[PDB]
């Protein structure tokens, strides 16, 4: 589809590269470092390349009004939830160090100016901007000036709305990705709309395309890889028993491995062209294709026709079924036995 690409550290991302799966524990650790470390351990052992976090600083990402609003996947204010799961600066710094001590790449999502500045201090290789901030241009402008590539989720936003952010990013001069997404926890299959990825790619030809997902399984993501997605994001947990509003739609070690295996197979199987000639098929063609044979005994001098000629496998005869009709009207240069392939020496 395209050859757009950029790097997240030493990891190349793009259509012509192995798709990247981002394991986001997000707020899954419920504010506990011990839990966060156990989830990072699971991610490592499962074979994860990237672990994404969520950088929350309650007072800077939301005003008092947030103490009165409830998210769709919970029964208490988003403020209460965030004040409960948020890791302070020192703890998040240890989390990043720990992820990296496991040989994995650490990136996070800022939801405020203060968070962006903290992550800049930490010098992460790339910045993820959540669908909720996709239309938060002043914040996008700040992040873009950091000079690192941006992975922008586009849920809850139209192409035109997204256009403004992409313009700010290009202005900044940093490479970027666009992840189609639907922000319902969990998300039903009917709301996914994989076609949205093509809408994004056609609208922004220089963008790396992927999918951020919240369904209950891997189907959406596998479908995204088949469509050309280069980046895949699903929340992640060490085990599905855990409490938390995003746990239900999270993938675990076993499911991650399945997504990774399926992503590899689909990276290989996708795209290509119908007319491409595949050498491996030759022995099949040589026996399956039909050649022109005699449908009846034909005496020398008699005319060949669609009545005394037919076609049968294999494809080694002097005349291929594609040439069947060109033989009509020709003259038998000798007696032709029924069932025999028609050879060049059989006609005048």
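Numbering follows the first chain given and starts at 1.
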Which has the higher mean CA temperature factor in the PDB entry, 12 to 20 or 321 to 329?
321 to 329
172 to 180 or 208 to 216, whichever carries the higher mean Cα B-factor:
172 to 180
Per the deposited B-factor column, the C-alpha that peaks among 254, 167, 190, 133 belongs to 167
Highest CA B factor of 308, 55, 63, 28, as deposited, is found at 308
Split the chain's modelled residues into thirds by Cα B-factor; is residue 59 in the lowest, middle or highest one?
highest
Should residue 238 be placed in the lowest, middle or highest third of its chain by the C-alpha B factor in the entry?
middle
Taking only the Cα B-factors deposited for this chain, tell me whether residue 298 sits in the lowest, middle or highest third.
highest
B-factor third for the C-alpha atom of residue 100 within its chain:
middle
Chain third (lowest, middle, highest) by recorded CA B-factor, residue given as residue 140:
middle
